[PDB]
file query29.txt (compact mmCIF, N, CA, C and O atoms)
# COMPACT_ATOMS: atom_id res chain seq x y z
N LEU F 375 0.84 -1.19 0.00
CA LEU F 375 0.00 0.00 0.00
C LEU F 375 0.88 1.24 0.00
O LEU F 375 1.87 1.31 0.73
N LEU F 376 0.50 2.22 -0.82
CA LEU F 376 1.23 3.48 -0.93
C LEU F 376 0.27 4.65 -0.78
O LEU F 376 -0.77 4.70 -1.44
N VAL F 377 0.61 5.59 0.10
CA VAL F 377 -0.18 6.79 0.32
C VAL F 377 0.75 7.99 0.25
O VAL F 377 1.85 7.97 0.80
N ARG F 378 0.30 9.05 -0.43
CA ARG F 378 1.09 10.26 -0.62
C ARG F 378 0.32 11.46 -0.11
O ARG F 378 -0.83 11.68 -0.50
N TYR F 379 0.96 12.26 0.75
CA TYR F 379 0.38 13.49 1.24
C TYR F 379 1.43 14.60 1.19
O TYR F 379 2.59 14.37 0.83
N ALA F 380 1.01 15.81 1.56
CA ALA F 380 1.89 16.97 1.57
C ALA F 380 2.40 17.29 2.97
O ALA F 380 3.62 17.34 3.18
N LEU F 381 1.50 17.52 3.92
CA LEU F 381 1.86 17.80 5.31
C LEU F 381 2.76 19.03 5.41
O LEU F 381 3.92 18.96 5.80
N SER F 382 2.20 20.17 5.02
CA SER F 382 2.92 21.43 5.05
C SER F 382 2.41 22.31 6.19
O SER F 382 1.33 22.10 6.74
N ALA F 383 3.22 23.30 6.55
CA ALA F 383 2.84 24.23 7.58
C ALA F 383 1.97 25.35 7.00
O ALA F 383 1.95 25.59 5.80
N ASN F 384 1.25 26.02 7.89
CA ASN F 384 0.41 27.12 7.48
C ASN F 384 1.26 28.34 7.12
O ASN F 384 2.39 28.47 7.59
N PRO F 385 0.73 29.24 6.29
CA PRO F 385 1.48 30.46 5.97
C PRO F 385 1.68 31.37 7.17
O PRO F 385 1.23 31.06 8.27
N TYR F 386 2.35 32.50 6.95
CA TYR F 386 2.74 33.42 8.02
C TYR F 386 3.62 32.74 9.06
O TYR F 386 3.59 33.09 10.24
N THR F 387 4.40 31.76 8.63
CA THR F 387 5.24 30.97 9.53
C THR F 387 6.65 30.88 8.99
O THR F 387 7.23 29.80 8.86
N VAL F 388 7.23 32.03 8.64
CA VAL F 388 8.57 32.04 8.08
C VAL F 388 9.57 31.48 9.08
O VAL F 388 9.43 31.62 10.30
N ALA F 389 10.60 30.82 8.55
CA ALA F 389 11.62 30.22 9.39
C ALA F 389 12.50 31.29 10.02
O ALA F 389 12.62 32.40 9.51
N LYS F 390 13.11 30.94 11.15
CA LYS F 390 13.96 31.88 11.85
C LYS F 390 15.22 32.17 11.04
O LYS F 390 15.64 31.37 10.20
N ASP F 391 15.78 33.36 11.27
CA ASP F 391 16.99 33.89 10.66
C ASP F 391 16.83 34.15 9.16
O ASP F 391 17.73 34.73 8.55
N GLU F 392 15.70 33.79 8.57
CA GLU F 392 15.40 34.10 7.18
C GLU F 392 14.29 35.12 7.03
O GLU F 392 14.41 36.03 6.21
N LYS F 393 13.23 35.00 7.83
CA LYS F 393 12.16 35.98 7.92
C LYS F 393 11.66 36.40 6.54
O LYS F 393 10.95 35.65 5.88
N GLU F 394 12.04 37.60 6.11
CA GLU F 394 11.59 38.14 4.83
C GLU F 394 11.98 37.22 3.68
O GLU F 394 13.16 37.07 3.36
N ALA F 395 10.98 36.61 3.05
CA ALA F 395 11.17 35.75 1.89
C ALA F 395 9.79 35.46 1.32
O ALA F 395 8.77 35.81 1.91
N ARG F 396 9.77 34.80 0.16
CA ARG F 396 8.50 34.54 -0.50
C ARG F 396 8.41 33.16 -1.13
O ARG F 396 7.44 32.89 -1.86
N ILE F 397 9.36 32.27 -0.88
CA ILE F 397 9.31 30.93 -1.45
C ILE F 397 9.44 29.93 -0.31
O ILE F 397 9.95 28.82 -0.49
N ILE F 398 8.96 30.32 0.87
CA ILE F 398 9.14 29.51 2.07
C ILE F 398 8.57 28.12 1.85
O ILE F 398 7.41 27.95 1.47
N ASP F 399 9.40 27.11 2.10
CA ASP F 399 9.01 25.71 1.98
C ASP F 399 8.46 25.26 3.33
O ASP F 399 9.22 25.02 4.27
N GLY F 400 7.14 25.13 3.42
CA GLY F 400 6.51 24.81 4.68
C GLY F 400 6.51 23.34 5.02
O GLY F 400 5.69 22.88 5.82
N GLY F 401 7.42 22.58 4.41
CA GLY F 401 7.47 21.15 4.65
C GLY F 401 8.68 20.71 5.44
O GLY F 401 8.61 19.75 6.21
N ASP F 402 9.80 21.41 5.27
CA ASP F 402 11.02 21.08 5.99
C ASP F 402 10.85 21.50 7.44
O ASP F 402 10.96 22.67 7.78
N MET F 403 10.58 20.52 8.31
CA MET F 403 10.35 20.82 9.71
C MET F 403 11.56 21.48 10.35
O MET F 403 11.42 22.31 11.26
N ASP F 404 12.77 21.13 9.89
CA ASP F 404 13.98 21.64 10.53
C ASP F 404 14.05 23.16 10.50
O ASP F 404 14.60 23.77 11.42
N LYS F 405 13.50 23.79 9.46
CA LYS F 405 13.44 25.24 9.42
C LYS F 405 12.20 25.78 10.13
O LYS F 405 12.25 26.82 10.78
N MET F 406 11.08 25.07 10.01
CA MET F 406 9.82 25.56 10.56
C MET F 406 9.68 25.25 12.05
O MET F 406 8.75 25.76 12.68
N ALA F 407 10.57 24.44 12.62
CA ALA F 407 10.43 24.02 14.00
C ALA F 407 10.42 25.21 14.95
O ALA F 407 11.39 25.98 15.00
N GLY F 408 9.34 25.35 15.70
CA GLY F 408 9.23 26.43 16.66
C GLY F 408 8.77 27.73 16.04
O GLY F 408 8.14 28.56 16.71
N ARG F 409 9.07 27.93 14.76
CA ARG F 409 8.70 29.17 14.09
C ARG F 409 7.29 29.10 13.51
O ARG F 409 7.09 29.36 12.33
N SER F 410 6.32 28.75 14.35
CA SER F 410 4.92 28.81 13.98
C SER F 410 4.21 29.87 14.81
O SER F 410 4.77 30.41 15.76
N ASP F 411 2.98 30.16 14.43
CA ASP F 411 2.17 31.13 15.15
C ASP F 411 0.75 30.65 15.43
O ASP F 411 0.09 31.24 16.30
N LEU F 412 0.26 29.62 14.75
CA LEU F 412 -1.11 29.16 14.91
C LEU F 412 -1.22 27.96 15.83
O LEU F 412 -2.27 27.32 15.88
N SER F 413 -0.15 27.62 16.56
CA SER F 413 -0.18 26.49 17.47
C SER F 413 0.85 26.73 18.57
O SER F 413 2.03 26.94 18.28
N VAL F 414 0.39 26.68 19.81
CA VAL F 414 1.23 26.97 20.96
C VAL F 414 1.32 25.72 21.82
O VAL F 414 0.30 25.19 22.27
N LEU F 415 2.54 25.24 22.03
CA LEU F 415 2.78 24.01 22.76
C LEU F 415 3.00 24.31 24.24
O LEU F 415 3.46 25.39 24.61
N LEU F 416 2.68 23.33 25.07
CA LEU F 416 2.93 23.44 26.50
C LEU F 416 3.05 22.04 27.07
O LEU F 416 2.06 21.31 27.15
N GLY F 417 4.27 21.66 27.45
CA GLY F 417 4.47 20.39 28.11
C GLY F 417 4.00 20.43 29.55
O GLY F 417 3.72 21.48 30.12
N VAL F 418 3.90 19.24 30.14
CA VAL F 418 3.47 19.09 31.53
C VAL F 418 4.46 18.19 32.24
O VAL F 418 4.89 17.17 31.69
N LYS F 419 4.83 18.57 33.46
CA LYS F 419 5.73 17.78 34.29
C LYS F 419 4.92 17.18 35.43
O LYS F 419 4.35 17.91 36.25
N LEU F 420 4.88 15.86 35.48
CA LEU F 420 4.10 15.13 36.48
C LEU F 420 4.95 14.01 37.05
O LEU F 420 5.89 13.55 36.40
N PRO F 421 4.65 13.56 38.26
CA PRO F 421 5.36 12.41 38.81
C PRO F 421 5.12 11.16 37.98
O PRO F 421 4.08 11.00 37.34
N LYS F 422 6.11 10.26 38.00
CA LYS F 422 6.06 9.06 37.19
C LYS F 422 4.95 8.13 37.67
O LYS F 422 4.35 8.32 38.73
N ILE F 423 4.69 7.10 36.87
CA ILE F 423 3.71 6.07 37.19
C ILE F 423 4.49 4.78 37.42
O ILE F 423 5.00 4.17 36.47
N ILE F 424 4.57 4.36 38.68
CA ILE F 424 5.36 3.18 39.02
C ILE F 424 4.76 1.95 38.36
O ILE F 424 3.55 1.73 38.40
N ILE F 425 5.62 1.15 37.74
CA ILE F 425 5.18 -0.06 37.05
C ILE F 425 5.63 -1.29 37.82
O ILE F 425 4.91 -2.29 37.89
N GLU J 63 5.91 -4.97 18.36
CA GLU J 63 5.23 -4.23 19.42
C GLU J 63 3.93 -3.64 18.89
O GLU J 63 3.76 -3.45 17.69
N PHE J 64 3.01 -3.37 19.82
CA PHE J 64 1.72 -2.81 19.44
C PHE J 64 1.89 -1.47 18.74
O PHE J 64 2.70 -0.63 19.15
N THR J 65 1.14 -1.28 17.66
CA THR J 65 1.19 -0.01 16.95
C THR J 65 0.71 1.13 17.83
O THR J 65 1.33 2.19 17.88
N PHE J 66 -0.38 0.91 18.55
CA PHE J 66 -1.00 1.97 19.34
C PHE J 66 -0.31 2.20 20.68
O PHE J 66 -0.82 2.96 21.50
N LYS J 67 0.82 1.55 20.93
CA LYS J 67 1.56 1.74 22.17
C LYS J 67 2.83 2.55 22.00
O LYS J 67 3.07 3.48 22.78
N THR J 68 3.65 2.23 21.01
CA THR J 68 4.94 2.90 20.87
C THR J 68 4.79 4.33 20.38
O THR J 68 5.43 5.25 20.90
N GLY J 69 3.94 4.54 19.37
CA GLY J 69 3.87 5.82 18.72
C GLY J 69 4.96 6.07 17.72
O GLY J 69 5.01 7.16 17.13
N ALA J 70 5.85 5.11 17.50
CA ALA J 70 6.91 5.24 16.52
C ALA J 70 6.36 5.05 15.11
O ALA J 70 5.24 4.59 14.90
N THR J 71 7.18 5.41 14.12
CA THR J 71 6.81 5.28 12.72
C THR J 71 7.87 4.48 11.99
O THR J 71 9.07 4.70 12.21
N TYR J 72 7.44 3.56 11.14
CA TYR J 72 8.34 2.76 10.33
C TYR J 72 8.15 2.96 8.84
O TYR J 72 9.14 2.94 8.10
N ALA J 73 6.92 3.15 8.37
CA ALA J 73 6.67 3.48 6.98
C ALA J 73 6.98 4.95 6.78
O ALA J 73 6.31 5.82 7.36
N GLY J 74 8.00 5.24 6.00
CA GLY J 74 8.42 6.61 5.77
C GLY J 74 9.92 6.71 5.83
O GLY J 74 10.64 5.73 5.67
N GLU J 75 10.40 7.94 6.07
CA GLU J 75 11.83 8.19 6.10
C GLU J 75 12.52 7.39 7.20
O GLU J 75 13.70 7.05 7.08
N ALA J 76 11.80 7.08 8.28
CA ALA J 76 12.39 6.33 9.38
C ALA J 76 12.81 4.93 8.94
O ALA J 76 13.91 4.47 9.26
N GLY J 77 11.94 4.24 8.21
CA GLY J 77 12.24 2.90 7.75
C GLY J 77 12.41 1.90 8.87
O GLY J 77 12.27 2.24 10.05
N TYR J 78 12.71 0.65 8.53
CA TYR J 78 13.04 -0.37 9.52
C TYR J 78 14.51 -0.77 9.43
O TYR J 78 15.23 -0.68 10.43
N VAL J 79 14.97 -1.20 8.25
CA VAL J 79 16.39 -1.49 8.07
C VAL J 79 17.21 -0.24 8.33
O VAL J 79 18.36 -0.32 8.79
N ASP J 80 16.64 0.94 8.05
CA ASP J 80 17.33 2.19 8.35
C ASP J 80 17.64 2.31 9.84
O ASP J 80 18.69 2.85 10.22
N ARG J 81 16.76 1.79 10.69
CA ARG J 81 16.98 1.89 12.13
C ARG J 81 18.21 1.11 12.58
O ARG J 81 18.75 1.40 13.65
N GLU J 82 18.66 0.14 11.79
CA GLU J 82 19.87 -0.59 12.15
C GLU J 82 21.08 0.33 12.17
O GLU J 82 21.93 0.23 13.07
N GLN J 83 21.17 1.24 11.21
CA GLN J 83 22.33 2.13 11.12
C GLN J 83 22.25 3.32 12.06
O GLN J 83 23.26 3.98 12.28
N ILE J 84 21.07 3.60 12.62
CA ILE J 84 20.90 4.79 13.44
C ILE J 84 21.63 4.62 14.76
O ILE J 84 21.56 3.56 15.40
N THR J 85 22.35 5.66 15.17
CA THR J 85 23.04 5.63 16.45
C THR J 85 22.04 5.51 17.59
O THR J 85 20.94 6.06 17.54
N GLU J 86 22.43 4.78 18.63
CA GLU J 86 21.58 4.54 19.79
C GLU J 86 21.86 5.58 20.87
O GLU J 86 23.02 5.82 21.21
N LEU J 87 20.80 6.17 21.40
CA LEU J 87 20.93 7.14 22.48
C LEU J 87 21.40 6.42 23.74
O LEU J 87 20.66 5.62 24.32
N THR J 88 22.62 6.70 24.16
CA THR J 88 23.18 6.14 25.38
C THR J 88 23.65 7.27 26.29
O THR J 88 23.69 8.44 25.90
N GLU J 89 24.01 6.90 27.52
CA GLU J 89 24.58 7.88 28.44
C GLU J 89 25.90 8.42 27.93
O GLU J 89 26.31 9.52 28.32
N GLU J 90 26.59 7.67 27.06
CA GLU J 90 27.83 8.13 26.45
C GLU J 90 27.59 8.85 25.13
O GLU J 90 28.35 9.77 24.80
N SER J 91 26.57 8.45 24.38
CA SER J 91 26.34 9.02 23.06
C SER J 91 25.68 10.39 23.12
O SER J 91 25.64 11.08 22.09
N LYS J 92 25.17 10.80 24.28
CA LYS J 92 24.45 12.07 24.35
C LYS J 92 25.36 13.25 24.01
O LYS J 92 24.95 14.15 23.27
N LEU J 93 26.58 13.26 24.53
CA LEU J 93 27.48 14.38 24.29
C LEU J 93 28.37 14.15 23.07
O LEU J 93 29.58 14.36 23.09
N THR J 94 27.74 13.72 21.97
CA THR J 94 28.40 13.65 20.67
C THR J 94 27.52 14.06 19.51
O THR J 94 28.05 14.30 18.42
N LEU J 95 26.21 14.17 19.70
CA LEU J 95 25.31 14.46 18.59
C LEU J 95 25.54 15.87 18.06
O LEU J 95 25.96 16.77 18.80
N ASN J 96 25.25 16.06 16.78
CA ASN J 96 25.37 17.36 16.14
C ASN J 96 24.13 17.64 15.31
O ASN J 96 23.17 16.87 15.35
N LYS J 97 24.14 18.73 14.55
CA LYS J 97 23.02 19.03 13.67
C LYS J 97 22.91 17.96 12.59
O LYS J 97 23.92 17.44 12.10
N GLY J 98 21.68 17.63 12.22
CA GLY J 98 21.49 16.61 11.21
C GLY J 98 21.27 15.22 11.77
O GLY J 98 20.13 14.84 12.07
N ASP J 99 22.36 14.46 11.90
CA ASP J 99 22.35 13.04 12.22
C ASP J 99 21.27 12.65 13.23
O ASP J 99 21.12 13.29 14.27
N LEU J 100 20.54 11.59 12.90
CA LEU J 100 19.42 11.13 13.70
C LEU J 100 19.90 10.44 14.97
O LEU J 100 21.10 10.29 15.22
N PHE J 101 18.94 10.00 15.78
CA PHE J 101 19.20 9.12 16.91
C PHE J 101 17.87 8.52 17.36
O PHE J 101 16.84 9.21 17.33
N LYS J 102 17.90 7.26 17.77
CA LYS J 102 16.69 6.53 18.12
C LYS J 102 16.72 6.11 19.58
O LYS J 102 17.78 5.95 20.19
N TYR J 103 15.52 5.93 20.14
CA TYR J 103 15.37 5.46 21.51
C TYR J 103 13.98 4.86 21.65
O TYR J 103 13.00 5.47 21.21
N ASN J 104 13.90 3.67 22.25
CA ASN J 104 12.66 2.89 22.30
C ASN J 104 12.10 2.70 20.89
O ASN J 104 10.89 2.67 20.68
N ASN J 105 13.00 2.58 19.92
CA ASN J 105 12.66 2.48 18.51
C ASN J 105 11.87 3.69 18.01
O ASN J 105 11.19 3.62 16.99
N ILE J 106 11.96 4.81 18.73
CA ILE J 106 11.43 6.09 18.28
C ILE J 106 12.62 6.93 17.85
O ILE J 106 13.52 7.20 18.66
N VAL J 107 12.62 7.36 16.59
CA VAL J 107 13.77 8.02 15.99
C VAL J 107 13.55 9.53 16.02
O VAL J 107 12.47 10.01 15.64
N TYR J 108 14.55 10.26 16.48
CA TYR J 108 14.56 11.72 16.44
C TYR J 108 15.71 12.18 15.56
O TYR J 108 16.58 11.40 15.17
N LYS J 109 15.71 13.47 15.24
CA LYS J 109 16.86 14.10 14.61
C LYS J 109 17.17 15.40 15.34
O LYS J 109 16.26 16.08 15.84
N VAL J 110 18.45 15.73 15.42
CA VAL J 110 18.93 16.81 16.26
C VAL J 110 18.96 18.11 15.46
O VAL J 110 19.62 18.19 14.43
N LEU J 111 18.24 19.12 15.95
CA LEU J 111 18.26 20.43 15.30
C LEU J 111 19.44 21.27 15.77
O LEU J 111 20.31 21.64 14.97
N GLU J 112 19.49 21.57 17.06
CA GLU J 112 20.52 22.44 17.61
C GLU J 112 21.76 21.64 17.98
O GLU J 112 21.65 20.56 18.57
N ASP J 113 22.92 22.18 17.65
CA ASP J 113 24.17 21.46 17.87
C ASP J 113 24.40 21.21 19.35
O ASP J 113 24.12 22.06 20.20
N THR J 114 24.92 20.02 19.65
CA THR J 114 25.25 19.56 20.99
C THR J 114 24.07 19.73 21.94
O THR J 114 24.08 20.61 22.81
call {"tool": "encode", "arguments": {"input": "query29.txt", "output": "structure tokens"}}
result
Amino acid sequence: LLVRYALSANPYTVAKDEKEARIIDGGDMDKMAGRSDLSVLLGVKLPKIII
Amino acid sequence: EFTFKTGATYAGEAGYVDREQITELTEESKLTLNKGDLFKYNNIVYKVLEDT
């Protein structure tokens, strides 16, 4: 089975240190990492679950 | 392993045979990674953005 998708980032999400540009590739996560505006992450620190 | 337990991915760039060549995250290997080169743990593969 073969499935093909795009999985690109939303616009207005220019990569850091490049900023002003017009051919931004919204697929390379390495440039887009953290440089988004429509999604805000927040981790949580909790005690472990003993197994 | 159960698909719905690990959360890892094998179909795609991660691959399975590819995981053989990937460096293993160890207490010694942590202070050697650089930009680019991947690393796996619990058969979940990451890649390092920021150097060291």
call {"tool": "interface_residues", "arguments": {"input": "query29.txt", "of": "chain J", "to": "chain F", "cutoff": "10 Å", "atoms": "only C-alpha atoms", "output": "PyMOL selection string"}}
result
chain J and resi 73+97-98+109-112
call {"tool": "residues_around", "arguments": {"input": "query29.txt", "residues": "residue 409 of chain F", "least_positions_apart": "4", "cutoff": "7 Å", "atoms": "all atoms listed in the file", "output": "PDB file with N, CA, C and O atoms, in the coordinates of the input"}}
result
ATOM      1  N   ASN F 384       1.250  26.020   7.890  1.00  0.00           N
ATOM      2  CA  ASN F 384       0.410  27.120   7.480  1.00  0.00           C
ATOM      3  C   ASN F 384       1.260  28.340   7.120  1.00  0.00           C
ATOM      4  O   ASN F 384       2.390  28.470   7.590  1.00  0.00           O
ATOM      5  N   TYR F 386       2.350  32.500   6.950  1.00  0.00           N
ATOM      6  CA  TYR F 386       2.740  33.420   8.020  1.00  0.00           C
ATOM      7  C   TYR F 386       3.620  32.740   9.060  1.00  0.00           C
ATOM      8  O   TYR F 386       3.590  33.090  10.240  1.00  0.00           O
ATOM      9  N   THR F 387       4.400  31.760   8.630  1.00  0.00           N
ATOM     10  CA  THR F 387       5.240  30.970   9.530  1.00  0.00           C
ATOM     11  C   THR F 387       6.650  30.880   8.990  1.00  0.00           C
ATOM     12  O   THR F 387       7.230  29.800   8.860  1.00  0.00           O
ATOM     13  N   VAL F 388       7.230  32.030   8.640  1.00  0.00           N
ATOM     14  CA  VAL F 388       8.570  32.040   8.080  1.00  0.00           C
ATOM     15  C   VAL F 388       9.570  31.480   9.080  1.00  0.00           C
ATOM     16  O   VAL F 388       9.430  31.620  10.300  1.00  0.00           O
ATOM     17  N   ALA F 389      10.600  30.820   8.550  1.00  0.00           N
ATOM     18  CA  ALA F 389      11.620  30.220   9.390  1.00  0.00           C
ATOM     19  C   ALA F 389      12.500  31.290  10.020  1.00  0.00           C
ATOM     20  O   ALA F 389      12.620  32.400   9.510  1.00  0.00           O
ATOM     21  N   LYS F 390      13.110  30.940  11.150  1.00  0.00           N
ATOM     22  CA  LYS F 390      13.960  31.880  11.850  1.00  0.00           C
ATOM     23  C   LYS F 390      15.220  32.170  11.040  1.00  0.00           C
ATOM     24  O   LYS F 390      15.640  31.370  10.200  1.00  0.00           O
ATOM     25  N   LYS F 405      13.500  23.790   9.460  1.00  0.00           N
ATOM     26  CA  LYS F 405      13.440  25.240   9.420  1.00  0.00           C
ATOM     27  C   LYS F 405      12.200  25.780  10.130  1.00  0.00           C
ATOM     28  O   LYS F 405      12.250  26.820  10.780  1.00  0.00           O
TER      29      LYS F 405
END
call {"tool": "closest_residue", "arguments": {"input": "query29.txt", "among": "J:67, J:76, J:82, J:114", "to": "residue 96 of chain J", "atoms": "all atoms listed in the file"}}
result
J:114
call {"tool": "atom_distance", "arguments": {"input": "query29.txt", "atom1": "atom O of residue 393 of chain F", "atom2": "atom CA of residue 413 of chain F"}}
result
18.5 Å
call {"tool": "atom_distance", "arguments": {"input": "query29.txt", "atom1": "atom N of residue 75 of chain J", "atom2": "atom N of residue 113 of chain J"}}
result
22.2 Å
call {"tool": "atom_distance", "arguments": {"input": "query29.txt", "atom1": "atom CA of residue 105 of chain J", "atom2": "atom O of residue 68 of chain J"}}
result
8.1 Å
call {"tool": "select_by_dssp", "arguments": {"input": "query29.txt", "residues": "chain F", "states": "helix (DSSP H, G or I)", "output": "MDAnalysis selection string"}}
result
chainID F and resid 403:406
call {"tool": "residues_around", "arguments": {"input": "query29.txt", "residues": "segment 378-382 of chain F", "least_positions_apart": "5", "cutoff": "7 Å", "atoms": "all atoms listed in the file", "output": "list in words"}}
result
residues 399, 400, 401 and 402 of chain F
call {"tool": "axis_aligned_box", "arguments": {"input": "query29.txt", "around": "segment 88-100 of chain J", "padding_each_side": "6 Å", "output": "AutoDock Vina command-line options"}}
result
--center_x 24.5 --center_y 12.6 --center_z 19.8 --size_x 22.2 --size_y 24.9 --size_z 29.2
